[PDB]
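# Analysis of the macromolecular model
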Amino acid sequence: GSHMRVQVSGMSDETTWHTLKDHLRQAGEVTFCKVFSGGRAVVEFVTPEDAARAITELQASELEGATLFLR
């Protein structure tokens, strides 16, 4: 649901679906990940607690040199 969903932006253009999913395993189990051009993505986790963990802990985390923005 919406509570399990997180918007990711700020990724390097070349960062892939695989790489992002791997990174967000530090928030919890990913059930959905969709990557758009320009370093954007939408991710869903198993639980709302995972999504909250992503936003609160992985905010401004670095991925392949780029600083992420999560909300």
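For this entry, the PDB record names X-ray crystallography as the structure determination method and reports a resolution of 1.8010 Å.

## So, the nonpolar core
Counting residues in each nonpolar core, the largest one holds 17 residues, and the members touching the most others are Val-8, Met-11, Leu-20, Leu-24, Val-43, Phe-45 and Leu-70. The set of elements that each furnish at least two residues to this core consists of strand 1 (5-9), helix 1 (17-24), strand 2 (30-36), strand 3 (40-45) and helix 2 (48-57). For this core, the element with the highest residue contribution is strand 3, accounting for 3 residues. Setting aside its immediate chain neighbours within four residues, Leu-24 contacts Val-8, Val-30, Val-43, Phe-45 and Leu-58.

## Considerations on the pairing of strand 3
Across the 6 residues of strand 3, 5 count as buried, placing the element largely inside the fold. Bridge analysis of strand 2 against strand 3 gives 6 bridges, and the strand direction is antiparallel. Looking at the pairing, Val-35 lines up with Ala-41 of strand 3. Where strand 2 folds back on strand 3, the antiparallel hairpin that results is connected by 3 residues, among which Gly-38 adopts a positive phi of roughly 75°.

## What about the sheet that holds strand 6 (residues 69-70)?
Strand order in the open sheet formed by 4 strands is 2-3-1-6, and the pairing between neighbours is antiparallel. With one partner strand each, in any of the chains shown, strand 2 and strand 6 form the two edges of the open sheet. Those strands touched by helix 1 are strand 1, strand 2 and strand 3, and its axis lies near 135° from that of strand 2. Strand contacts of helix 2: strand 1, strand 3 and strand 6, with the helix running at about 25° to strand 1, the strand carrying the most contacts.

## Some thoughts on the side chain of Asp-50
Tracing the backbone through its elements, the reader meets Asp-50 in helix 2. When near neighbours in sequence (up to four residues on either side) are disregarded, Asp-50 contacts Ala-27, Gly-28, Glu-29 and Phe-45.

Conventions used here
- Per the conventions used, each chain is numbered from 1 along its written sequence, independently of whether this matches the entry, and residues without coordinates are not displayed.
- The basis for every side-chain value is the complete set of non-hydrogen atoms in the structure, without hydrogens or water.
- In these notes, a set of buried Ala, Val, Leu, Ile, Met, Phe, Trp, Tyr and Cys residues joined through side-chain atoms within 4.5 Å is what counts as a nonpolar core.
- Burial here depends on accessible area, computed with a 1.4 Å probe over protein chains only, as a share of the maximum for the residue type. Under 20% is buried, over 50% is exposed, and the range in between is partly exposed.
- Each helix corresponds to a stretch of at least 4 residues labelled H or I by DSSP, and each strand to a stretch of at least 2 residues labelled E; elements are numbered beginning at the N terminus.
- The criterion used for residue contact is that any of the two residues' heavy atoms lie within 4.5 Å.
- Between any two strands, at least two bridges found by DSSP are needed for them to pair.
- Inter-axis angles, ranging from 0 to 180 degrees, are taken between N-to-C directions of lines fitted to C-alpha atoms, where helices are fitted over the stretch in contact.

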